[PDB]
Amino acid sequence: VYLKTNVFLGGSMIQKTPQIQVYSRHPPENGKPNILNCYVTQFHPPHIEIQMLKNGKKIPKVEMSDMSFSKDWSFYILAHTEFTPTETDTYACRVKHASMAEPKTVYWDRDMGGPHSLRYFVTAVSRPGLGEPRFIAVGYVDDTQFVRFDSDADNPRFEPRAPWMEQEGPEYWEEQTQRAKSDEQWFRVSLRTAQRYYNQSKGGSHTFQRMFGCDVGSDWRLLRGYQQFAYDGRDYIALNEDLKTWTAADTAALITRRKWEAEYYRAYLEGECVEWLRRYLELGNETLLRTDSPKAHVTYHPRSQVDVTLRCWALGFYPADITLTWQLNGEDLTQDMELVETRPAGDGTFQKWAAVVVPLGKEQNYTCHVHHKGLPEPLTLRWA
């Protein structure tokens, strides 16, 4: 359940270049239909334009995930589209973002080369000249989105984004919608305050983020409870682990702290939040409690006459947490490892790979190990 920020606040824009991965949902086979994914992460500010192209031209029908961010505050988005690979057609994803001179085009390269949490990620973005600020809020149980709110839909309200949430009745949706609609006003005020404060121009769009929720262990004790904010991508104020005090970042916030300094947030983070997490887990037990172990395998990409790339894959796994490792003789190689960030397949499962460059004719000495929760014990594989 949504938590209300019980008090208002009183009262340097960085830019982060997006990384992009372009990949199909299932292994490609010519002539067989598939989903092509364009996964864009690690970027700030959140305004971004994302195209997918077949043979140079824009594909019109492309789904976009609700936008969210990770704990370092940077944003991600997953775009995908229906397609059927052939041997000849090319596919790329083109990204346009404030942090880059030109748009950036990444081609689909057909070879590429427990505890629980309940978390909300909230974002408000002022569009001065293009109306009131756009408010968005997305909830997560572990690695699974389950609710979303968007000021941009007409008569917006909290909505289930996991089918198992359809069980909850109108009481729930009303109360959640009401808390979202209240937080949005807060963000309006807060966006106005921050602006005024730094003497900023009424033109510039600005960004305010909030993250809040629950980390629980095996023993169901609160490992970590969160209530923190970023302004323009940068830390601003955070409830401490003590659930009593605040860490402010700059000076503009150090007066919001003195007008903020407990039981209120502790009540939520130790009480309601852990309670509803437990509830969400039952409602979606058949899937949230599942454990899809990963389909690992090693592929081989020989460039030069001396050395080649070996890539350890891991496909179709849940939950998202995982460890891939390359080894030569029990020795570890995580040093000269290229290792993409973990990515959604779109079906609720995840993908990842690790790569190393090795001396041609010696691909047999290297060994990959896949450590996933859904694994009896670490997995062992290599090339033959």
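Position 1 is the first residue in the sequence shown; the rest follow in order.
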> Taking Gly113 and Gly114 as adjacent modelled residues, how many residues of the deposited sequence between them have no coordinates (none, 1 to 3, 4 to 9, 10 or more)?
Replying inline: 10 or more
> If you average the CA temperature factors over each stretch, which comes out higher, 243 to 251 or 116 to 124?
Replying inline: 243 to 251
> Mean C-alpha B factor from the entry: is it higher for 305 to 313 or for 172 to 180?
Replying inline: 305 to 313
>> Quiz for you: based on the deposited Cα B-factor, which of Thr105, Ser293, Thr88, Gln185 is highest?
In response: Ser293
> Based on what the PDB entry reports, which of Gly233, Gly213, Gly203, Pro160 has the top C-alpha B-factor?
Replying inline: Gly203
> Can you tell me which third, lowest, middle or highest, the CA B-factor of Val340 falls into for its chain?
Replying inline: middle
> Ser190's Cα B-factor: lowest, middle or highest third of the chain?
Replying inline: middle
> Going by the entry, which third of its chain does the Cα temperature factor of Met64 land in?
Replying inline: middle
> If you rank the chain by CA B-factor, which third does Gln42 end up in: lowest, middle or highest?
Replying inline: lowest
> What third of the chain, by the recorded C-alpha B-factor, contains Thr84?
Replying inline: middle
